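Asker: The following file, my_file19.pdb, comprises PDB, C-alpha atoms:
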ATOM      1  CA  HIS X 732      47.455 176.636   8.661  1.00  0.00           C
ATOM      2  CA  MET X 733      47.219 177.313  12.393  1.00  0.00           C
ATOM      3  CA  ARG X 734      44.215 174.989  12.647  1.00  0.00           C
ATOM      4  CA  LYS X 735      44.567 171.994  10.341  1.00  0.00           C
ATOM      5  CA  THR X 736      41.519 169.911  11.192  1.00  0.00           C
ATOM      6  CA  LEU X 737      37.868 170.872  11.169  1.00  0.00           C
ATOM      7  CA  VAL X 738      36.123 168.602  13.648  1.00  0.00           C
ATOM      8  CA  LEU X 739      32.338 168.462  13.318  1.00  0.00           C
ATOM      9  CA  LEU X 740      30.628 167.159  16.439  1.00  0.00           C
ATOM     10  CA  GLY X 741      26.913 166.488  16.429  1.00  0.00           C
ATOM     11  CA  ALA X 742      24.106 163.987  16.703  1.00  0.00           C
ATOM     12  CA  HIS X 743      23.826 161.329  14.033  1.00  0.00           C
ATOM     13  CA  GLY X 744      21.670 162.695  11.231  1.00  0.00           C
ATOM     14  CA  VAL X 745      22.070 166.381  12.142  1.00  0.00           C
ATOM     15  CA  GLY X 746      23.528 167.046   8.679  1.00  0.00           C
ATOM     16  CA  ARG X 747      27.293 166.715   9.151  1.00  0.00           C
ATOM     17  CA  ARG X 748      27.651 164.314   6.220  1.00  0.00           C
ATOM     18  CA  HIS X 749      25.948 166.734   3.839  1.00  0.00           C
ATOM     19  CA  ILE X 750      27.953 169.624   5.282  1.00  0.00           C
ATOM     20  CA  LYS X 751      31.277 167.794   5.015  1.00  0.00           C
ATOM     21  CA  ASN X 752      30.689 166.526   1.492  1.00  0.00           C
ATOM     22  CA  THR X 753      29.418 169.910   0.323  1.00  0.00           C
ATOM     23  CA  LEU X 754      32.419 171.764   1.734  1.00  0.00           C
ATOM     24  CA  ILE X 755      34.867 169.414   0.012  1.00  0.00           C
ATOM     25  CA  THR X 756      32.929 169.418  -3.283  1.00  0.00           C
ATOM     26  CA  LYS X 757      32.786 173.219  -3.205  1.00  0.00           C
ATOM     27  CA  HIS X 758      36.409 173.713  -2.179  1.00  0.00           C
ATOM     28  CA  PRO X 759      38.411 170.589  -3.048  1.00  0.00           C
ATOM     29  CA  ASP X 760      41.510 172.792  -3.029  1.00  0.00           C
ATOM     30  CA  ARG X 761      40.911 173.597   0.655  1.00  0.00           C
ATOM     31  CA  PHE X 762      39.353 170.553   2.379  1.00  0.00           C
ATOM     32  CA  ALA X 763      39.747 166.777   2.285  1.00  0.00           C
ATOM     33  CA  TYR X 764      38.262 163.803   4.134  1.00  0.00           C
ATOM     34  CA  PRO X 765      40.513 161.010   5.476  1.00  0.00           C
ATOM     35  CA  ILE X 766      39.140 157.747   4.099  1.00  0.00           C
ATOM     36  CA  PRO X 767      38.905 154.795   6.479  1.00  0.00           C
ATOM     37  CA  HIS X 768      40.931 151.614   6.685  1.00  0.00           C
ATOM     38  CA  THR X 769      39.008 148.358   6.693  1.00  0.00           C
ATOM     39  CA  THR X 770      39.597 144.637   7.171  1.00  0.00           C
ATOM     40  CA  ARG X 771      36.727 143.864   4.814  1.00  0.00           C
ATOM     41  CA  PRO X 772      38.080 142.037   1.752  1.00  0.00           C
ATOM     42  CA  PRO X 773      38.025 144.313  -1.321  1.00  0.00           C
ATOM     43  CA  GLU X 777      37.706 148.573  -5.243  1.00  0.00           C
ATOM     44  CA  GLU X 778      41.097 150.242  -5.658  1.00  0.00           C
ATOM     45  CA  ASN X 779      43.183 150.605  -2.513  1.00  0.00           C
ATOM     46  CA  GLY X 780      43.175 154.241  -1.459  1.00  0.00           C
ATOM     47  CA  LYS X 781      40.013 155.265  -3.312  1.00  0.00           C
ATOM     48  CA  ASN X 782      37.253 154.904  -0.726  1.00  0.00           C
ATOM     49  CA  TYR X 783      39.100 152.615   1.685  1.00  0.00           C
ATOM     50  CA  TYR X 784      42.565 151.412   2.558  1.00  0.00           C
ATOM     51  CA  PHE X 785      42.511 147.601   2.886  1.00  0.00           C
ATOM     52  CA  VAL X 786      44.407 146.058   5.791  1.00  0.00           C
ATOM     53  CA  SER X 787      44.618 142.660   7.480  1.00  0.00           C
ATOM     54  CA  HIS X 788      42.895 142.121  10.822  1.00  0.00           C
ATOM     55  CA  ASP X 789      46.229 141.456  12.539  1.00  0.00           C
ATOM     56  CA  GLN X 790      47.831 144.565  11.076  1.00  0.00           C
ATOM     57  CA  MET X 791      44.925 146.796  12.093  1.00  0.00           C
ATOM     58  CA  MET X 792      44.914 145.322  15.606  1.00  0.00           C
ATOM     59  CA  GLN X 793      48.660 145.909  15.941  1.00  0.00           C
ATOM     60  CA  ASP X 794      48.254 149.515  14.805  1.00  0.00           C
ATOM     61  CA  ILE X 795      45.324 150.183  17.145  1.00  0.00           C
ATOM     62  CA  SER X 796      47.294 148.781  20.080  1.00  0.00           C
ATOM     63  CA  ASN X 797      50.071 151.179  19.075  1.00  0.00           C
ATOM     64  CA  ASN X 798      47.546 154.039  19.155  1.00  0.00           C
ATOM     65  CA  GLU X 799      47.727 154.667  15.397  1.00  0.00           C
ATOM     66  CA  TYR X 800      43.946 155.010  15.034  1.00  0.00           C
ATOM     67  CA  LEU X 801      41.651 157.930  15.738  1.00  0.00           C
ATOM     68  CA  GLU X 802      38.421 155.941  15.733  1.00  0.00           C
ATOM     69  CA  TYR X 803      37.435 152.353  14.982  1.00  0.00           C
ATOM     70  CA  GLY X 804      34.456 150.002  15.010  1.00  0.00           C
ATOM     71  CA  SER X 805      33.078 146.708  13.730  1.00  0.00           C
ATOM     72  CA  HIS X 806      30.473 145.872  11.091  1.00  0.00           C
ATOM     73  CA  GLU X 807      29.538 142.456   9.685  1.00  0.00           C
ATOM     74  CA  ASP X 808      32.635 140.589  10.935  1.00  0.00           C
ATOM     75  CA  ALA X 809      34.810 143.394   9.553  1.00  0.00           C
ATOM     76  CA  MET X 810      36.613 146.324  11.158  1.00  0.00           C
ATOM     77  CA  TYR X 811      36.732 149.962  10.078  1.00  0.00           C
ATOM     78  CA  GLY X 812      38.840 152.814  11.375  1.00  0.00           C
ATOM     79  CA  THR X 813      40.381 156.184  10.615  1.00  0.00           C
ATOM     80  CA  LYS X 814      44.155 156.103  10.839  1.00  0.00           C
ATOM     81  CA  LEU X 815      46.056 159.142  12.102  1.00  0.00           C
ATOM     82  CA  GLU X 816      48.504 158.709   9.220  1.00  0.00           C
ATOM     83  CA  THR X 817      45.661 159.367   6.774  1.00  0.00           C
ATOM     84  CA  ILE X 818      45.011 162.726   8.426  1.00  0.00           C
ATOM     85  CA  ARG X 819      48.750 163.489   8.346  1.00  0.00           C
ATOM     86  CA  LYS X 820      48.751 162.940   4.570  1.00  0.00           C
ATOM     87  CA  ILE X 821      46.026 165.553   4.156  1.00  0.00           C
ATOM     88  CA  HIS X 822      47.940 168.045   6.297  1.00  0.00           C
ATOM     89  CA  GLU X 823      51.180 167.428   4.419  1.00  0.00           C
ATOM     90  CA  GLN X 824      49.391 168.564   1.266  1.00  0.00           C
ATOM     91  CA  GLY X 825      48.356 171.825   2.904  1.00  0.00           C
ATOM     92  CA  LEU X 826      44.699 170.815   3.114  1.00  0.00           C
ATOM     93  CA  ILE X 827      42.273 170.997   6.041  1.00  0.00           C
ATOM     94  CA  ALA X 828      40.978 167.606   7.144  1.00  0.00           C
ATOM     95  CA  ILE X 829      37.246 167.440   7.939  1.00  0.00           C
ATOM     96  CA  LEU X 830      36.318 164.896  10.586  1.00  0.00           C
ATOM     97  CA  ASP X 831      32.733 164.109  11.555  1.00  0.00           C
ATOM     98  CA  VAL X 832      33.483 162.134  14.702  1.00  0.00           C
ATOM     99  CA  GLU X 833      32.397 161.409  18.260  1.00  0.00           C
ATOM    100  CA  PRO X 834      33.875 163.554  21.062  1.00  0.00           C
ATOM    101  CA  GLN X 835      36.084 160.635  22.160  1.00  0.00           C
ATOM    102  CA  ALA X 836      38.242 161.258  19.072  1.00  0.00           C
ATOM    103  CA  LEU X 837      39.428 164.534  20.616  1.00  0.00           C
ATOM    104  CA  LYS X 838      41.623 162.688  23.113  1.00  0.00           C
ATOM    105  CA  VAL X 839      44.019 161.903  20.274  1.00  0.00           C
ATOM    106  CA  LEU X 840      43.213 164.857  17.982  1.00  0.00           C
ATOM    107  CA  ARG X 841      43.688 167.649  20.528  1.00  0.00           C
ATOM    108  CA  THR X 842      47.429 168.090  20.062  1.00  0.00           C
ATOM    109  CA  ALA X 843      49.642 170.497  18.115  1.00  0.00           C
ATOM    110  CA  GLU X 844      50.135 167.823  15.452  1.00  0.00           C
ATOM    111  CA  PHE X 845      46.484 167.864  14.351  1.00  0.00           C
ATOM    112  CA  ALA X 846      45.495 171.338  15.606  1.00  0.00           C
ATOM    113  CA  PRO X 847      41.694 170.894  15.518  1.00  0.00           C
ATOM    114  CA  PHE X 848      39.012 173.603  15.295  1.00  0.00           C
ATOM    115  CA  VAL X 849      35.993 171.989  16.990  1.00  0.00           C
ATOM    116  CA  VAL X 850      32.505 172.942  15.855  1.00  0.00           C
ATOM    117  CA  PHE X 851      29.329 171.561  17.384  1.00  0.00           C
ATOM    118  CA  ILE X 852      26.504 171.339  14.829  1.00  0.00           C
ATOM    119  CA  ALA X 853      23.353 171.468  16.952  1.00  0.00           C
ATOM    120  CA  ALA X 854      19.934 170.069  16.095  1.00  0.00           C
ATOM    121  CA  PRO X 855      17.511 172.627  14.657  1.00  0.00           C
ATOM    122  CA  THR X 856      15.317 174.622  17.040  1.00  0.00           C
ATOM    123  CA  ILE X 857      13.118 175.863  14.178  1.00  0.00           C
ATOM    124  CA  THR X 858      11.424 172.832  12.662  1.00  0.00           C
ATOM    125  CA  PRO X 859       8.241 173.804  10.791  1.00  0.00           C
ATOM    126  CA  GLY X 860       9.038 171.322   8.018  1.00  0.00           C
ATOM    127  CA  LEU X 861       9.850 168.355  10.232  1.00  0.00           C
ATOM    128  CA  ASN X 862       7.482 165.863  11.798  1.00  0.00           C
ATOM    129  CA  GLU X 863       7.896 165.489  15.531  1.00  0.00           C
ATOM    130  CA  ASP X 864       8.567 161.776  14.982  1.00  0.00           C
ATOM    131  CA  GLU X 865      10.919 159.272  16.609  1.00  0.00           C
ATOM    132  CA  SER X 866      13.789 160.396  14.381  1.00  0.00           C
ATOM    133  CA  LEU X 867      13.534 164.107  15.235  1.00  0.00           C
ATOM    134  CA  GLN X 868      12.969 163.417  18.931  1.00  0.00           C
ATOM    135  CA  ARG X 869      16.024 161.187  19.042  1.00  0.00           C
ATOM    136  CA  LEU X 870      18.061 163.767  17.096  1.00  0.00           C
ATOM    137  CA  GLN X 871      17.157 166.495  19.572  1.00  0.00           C
ATOM    138  CA  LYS X 872      17.787 164.177  22.554  1.00  0.00           C
ATOM    139  CA  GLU X 873      21.217 163.150  21.269  1.00  0.00           C
ATOM    140  CA  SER X 874      22.116 166.722  20.354  1.00  0.00           C
ATOM    141  CA  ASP X 875      21.183 167.923  23.841  1.00  0.00           C
ATOM    142  CA  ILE X 876      23.196 165.122  25.485  1.00  0.00           C
ATOM    143  CA  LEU X 877      26.235 166.118  23.437  1.00  0.00           C
ATOM    144  CA  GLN X 878      25.777 169.831  24.098  1.00  0.00           C
ATOM    145  CA  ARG X 879      25.501 169.581  27.873  1.00  0.00           C
ATOM    146  CA  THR X 880      28.201 166.930  28.250  1.00  0.00           C
ATOM    147  CA  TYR X 881      31.054 168.018  25.972  1.00  0.00           C
ATOM    148  CA  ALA X 882      30.719 171.801  25.782  1.00  0.00           C
ATOM    149  CA  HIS X 883      34.178 172.347  27.308  1.00  0.00           C
ATOM    150  CA  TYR X 884      35.630 171.131  24.016  1.00  0.00           C
ATOM    151  CA  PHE X 885      33.635 173.286  21.570  1.00  0.00           C
ATOM    152  CA  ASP X 886      35.259 176.239  19.835  1.00  0.00           C
ATOM    153  CA  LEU X 887      32.021 177.191  18.079  1.00  0.00           C
ATOM    154  CA  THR X 888      28.381 176.063  18.082  1.00  0.00           C
ATOM    155  CA  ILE X 889      26.072 176.432  15.065  1.00  0.00           C
ATOM    156  CA  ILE X 890      22.370 175.548  15.325  1.00  0.00           C
ATOM    157  CA  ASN X 891      21.518 173.852  12.011  1.00  0.00           C
ATOM    158  CA  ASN X 892      18.239 175.654  11.246  1.00  0.00           C
ATOM    159  CA  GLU X 893      19.269 176.623   7.696  1.00  0.00           C
ATOM    160  CA  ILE X 894      21.820 174.209   6.320  1.00  0.00           C
ATOM    161  CA  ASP X 895      23.092 176.596   3.659  1.00  0.00           C
ATOM    162  CA  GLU X 896      23.735 179.192   6.354  1.00  0.00           C
ATOM    163  CA  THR X 897      25.557 176.595   8.437  1.00  0.00           C
ATOM    164  CA  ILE X 898      27.852 175.935   5.486  1.00  0.00           C
ATOM    165  CA  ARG X 899      28.448 179.659   4.945  1.00  0.00           C
ATOM    166  CA  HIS X 900      29.252 180.168   8.634  1.00  0.00           C
ATOM    167  CA  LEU X 901      31.755 177.299   8.527  1.00  0.00           C
ATOM    168  CA  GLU X 902      33.408 178.783   5.437  1.00  0.00           C
ATOM    169  CA  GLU X 903      33.742 182.154   7.121  1.00  0.00           C
ATOM    170  CA  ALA X 904      35.022 180.680  10.383  1.00  0.00           C
ATOM    171  CA  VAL X 905      37.618 178.542   8.593  1.00  0.00           C
ATOM    172  CA  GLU X 906      38.773 181.526   6.515  1.00  0.00           C
ATOM    173  CA  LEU X 907      39.444 183.391   9.767  1.00  0.00           C
ATOM    174  CA  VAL X 908      40.761 180.753  12.185  1.00  0.00           C
ATOM    175  CA  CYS X 909      42.577 178.229   9.996  1.00  0.00           C
TER     176      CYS X 909
END
Let me see the file written as structure tokens.

Answerer:
Amino acid sequence: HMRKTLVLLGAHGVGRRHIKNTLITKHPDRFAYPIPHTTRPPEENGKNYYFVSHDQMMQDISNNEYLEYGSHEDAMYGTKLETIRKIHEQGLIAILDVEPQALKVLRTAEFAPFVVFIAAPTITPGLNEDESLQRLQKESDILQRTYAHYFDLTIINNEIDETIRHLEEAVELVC
């Protein structure tokens, strides 16, 4: 693989979770998702989470071993670079639905990302113009006008099945 990581940028709720899970479910021999590490007491280590002590996670973060990290209910969660490496070592493409900040560490030969921006729909006959859609479109626009330098491809998510097909075709070509 020339490109080993499919990075999906986009506003929260634009559909990246459905897209990511569908791609892996469809092609589990092609894609994988790096599960997070957490300091939340456990489950099975390595199933949905890797369990780590607070001190160990902090030491690893300080040593720049994490791609992303955050806190929730007195606990910490993060995606470790090593987890992505494991996927690559198996000849699989890692799918990462992350914030643009993650690209600082991901944009190297080691991870070789293909960065796709999944944009909010412009055709919305089935969606109420409520707070959720307005915020989705606002956030999508902020991302689009701020981080466009880093996009390899943009797909407007008007038809989610088409978005998935386009990603499959792009990956077949570029990765």

Asker: Which polymer residues have any atom within 12 Å of an atom of segment 853-865 of chain X, counting only C-alpha atoms, with same-chain residues fewer than 2 positions away left out, as a PyMOL selection string?

Answerer: chain X and resi 739-747+850-851+867-879+882+885+887-894+897

Asker: Could those residues be written to a file, using C-alpha atoms, as a compact mmCIF listing (two decimals), keeping the file's coordinate frame?

Answerer:
# COMPACT_ATOMS: atom_id res chain seq x y z
CA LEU X 739 32.34 168.46 13.32
CA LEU X 740 30.63 167.16 16.44
CA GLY X 741 26.91 166.49 16.43
CA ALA X 742 24.11 163.99 16.70
CA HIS X 743 23.83 161.33 14.03
CA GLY X 744 21.67 162.70 11.23
CA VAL X 745 22.07 166.38 12.14
CA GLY X 746 23.53 167.05 8.68
CA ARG X 747 27.29 166.72 9.15
CA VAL X 850 32.51 172.94 15.86
CA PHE X 851 29.33 171.56 17.38
CA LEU X 867 13.53 164.11 15.24
CA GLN X 868 12.97 163.42 18.93
CA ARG X 869 16.02 161.19 19.04
CA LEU X 870 18.06 163.77 17.10
CA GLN X 871 17.16 166.50 19.57
CA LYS X 872 17.79 164.18 22.55
CA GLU X 873 21.22 163.15 21.27
CA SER X 874 22.12 166.72 20.35
CA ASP X 875 21.18 167.92 23.84
CA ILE X 876 23.20 165.12 25.48
CA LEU X 877 26.24 166.12 23.44
CA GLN X 878 25.78 169.83 24.10
CA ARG X 879 25.50 169.58 27.87
CA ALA X 882 30.72 171.80 25.78
CA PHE X 885 33.64 173.29 21.57
CA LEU X 887 32.02 177.19 18.08
CA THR X 888 28.38 176.06 18.08
CA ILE X 889 26.07 176.43 15.06
CA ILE X 890 22.37 175.55 15.32
CA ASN X 891 21.52 173.85 12.01
CA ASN X 892 18.24 175.65 11.25
CA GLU X 893 19.27 176.62 7.70
CA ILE X 894 21.82 174.21 6.32
CA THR X 897 25.56 176.60 8.44

Asker: May I have the residues at most 10 Å from (43.4, 151.9, 16.9) in the file's coordinates, counting all atoms listed in the file, as a count of residues only?

Answerer: 19

Asker: Please expand the PyMOL selection byres ((chain X and resi 819-821) around 9) into the concrete residues it hits in this file, giving the result as a PDB file with C-alpha atoms, in the coordinates of the input.

Answerer:
ATOM      1  CA  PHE X 762      39.353 170.553   2.379  1.00  0.00           C
ATOM      2  CA  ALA X 763      39.747 166.777   2.285  1.00  0.00           C
ATOM      3  CA  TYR X 764      38.262 163.803   4.134  1.00  0.00           C
ATOM      4  CA  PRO X 765      40.513 161.010   5.476  1.00  0.00           C
ATOM      5  CA  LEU X 815      46.056 159.142  12.102  1.00  0.00           C
ATOM      6  CA  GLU X 816      48.504 158.709   9.220  1.00  0.00           C
ATOM      7  CA  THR X 817      45.661 159.367   6.774  1.00  0.00           C
ATOM      8  CA  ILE X 818      45.011 162.726   8.426  1.00  0.00           C
ATOM      9  CA  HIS X 822      47.940 168.045   6.297  1.00  0.00           C
ATOM     10  CA  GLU X 823      51.180 167.428   4.419  1.00  0.00           C
ATOM     11  CA  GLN X 824      49.391 168.564   1.266  1.00  0.00           C
ATOM     12  CA  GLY X 825      48.356 171.825   2.904  1.00  0.00           C
ATOM     13  CA  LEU X 826      44.699 170.815   3.114  1.00  0.00           C
ATOM     14  CA  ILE X 827      42.273 170.997   6.041  1.00  0.00           C
ATOM     15  CA  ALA X 828      40.978 167.606   7.144  1.00  0.00           C
ATOM     16  CA  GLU X 844      50.135 167.823  15.452  1.00  0.00           C
ATOM     17  CA  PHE X 845      46.484 167.864  14.351  1.00  0.00           C
TER      18      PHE X 845
END

Asker: Do you know which residues are at most 7 Å from residue 786 of chain X counting only C-alpha atoms, after dropping those on the same chain fewer than 5 positions away, and could you put them as a ChimeraX atom specification?

Answerer: /X:768-770,791

Asker: When you count all atoms listed in the file, which of these residues is closest to residue 758 of chain X: X:733, X:907, X:849, X:829?

Answerer: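 The shortest atom-to-atom distance to residue 758 of chain X comes from X:829.
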
Asker: Between atom CA of residue 880 of chain X and atom CA of residue 748 of chain X, measure the distance and give it in Å to one decimal.

Answerer: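 Going from atom CA of residue 880 of chain X over to atom CA of residue 748 of chain X, I get 22.2 Å.
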
Asker: Edge lengths and centre in Å to one decimal, as JSON, is what I'm after for the box along x, y and z that holds all listed atoms of segment 791-799 of chain X once 6 Å is added on each side.

Answerer:
{"center_x": 47.5, "center_y": 150.0, "center_z": 16.1, "size_x": 17.2, "size_y": 21.3, "size_z": 20.0}

Asker: Rank nothing, just name the residue among X:902, X:895, X:833, X:808 nearest to residue 738 of chain X, using all atoms listed in the file.

Answerer: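 With all atoms listed in the file as the atom set, the closest residue is X:833.
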
Asker: Nearest residue to residue 904 of chain X out of X:736, X:883, X:848, X:757, using only C-alpha atoms?

Answerer: X:848

Asker: Could you state the separation of atom CA of residue 761 of chain X and atom CA of residue 836 of chain X in Å, given to one decimal place?

Answerer: 22.3 Å
